[PDB]
C-alpha cells in the first residue's frame, strides 16, 4: 500500500485526462484499497470537481500529486469545454488541499453519502 485516505493523487480514468483526486474509502465496501483477481493493487479515489465523482483505479494509473505543473510530465509519458472548466476547478481545489495536512483534507473534502 502506497497511499492512505486523504492523500492527494493524479488519476487516469477512461478518456479523462490525468485528474486531481483525493484517496478515499468506498461507502459500500468500507475499504480504500484492495487486491484484484489478477493480484494487482487498486485504490478508491474521489475526483476534485464541482460535481461528485468516484472510481476504483489500478495502481499503474495512480500517481502522487505534488503540484499542477507536473501535469506536463504525465502528458509527456502518454477536450470538451464543460470538462475543461471542471478540471480547472479541480486543480484549484487540489492546490488548496496541498496547503493542508491529510487529516484536514478528509474533514474538508470527503463526499457526503445518502443511501437514496
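Numbering follows the first chain given and starts at 1. Think of the rigid core as the biggest set of C-alphas that the two forms share within 1.5 Å after superposition.
- Fitting each structure in 8 other deposited structures of this protein onto the rigid core and averaging C-alpha distances over structures and residues, 37-45 emerges as the more displaced of 37-45 and 50-58.
- Using the rigid core as the fitting frame, the root mean square C-alpha deviation in 8 other deposited structures of this protein is greater for 82-90 than for the other of 82-90 and 62-70.
- Counting the deposited residues that fall between residue 29 and residue 30 and carry no coordinates gives zero.
- For the pair 69-77 and 31-39, the mean B factor over Cα atoms is greater in 69-77.
- The entry assigns its greatest Cα B factor, within the set 114, 1, 5, 8, to 114.
- Residue-level temperature factors show residue 23 in the lowest third of its chain, judged at the C-alpha atom.
- The entry lists a Cα temperature factor for residue 50 that places it in the highest third of the chain's modelled residues.
- In the PDB entry, residue 63 places in the middle third of its chain by CA B-factor.
- In this PDB entry, the Cα temperature factor of residue 44 sits in the bottom third of its chain's modelled residues, the lowest group.
- Annotation for residue 96: CA B-factor lies in the middle third of the chain's modelled residues.
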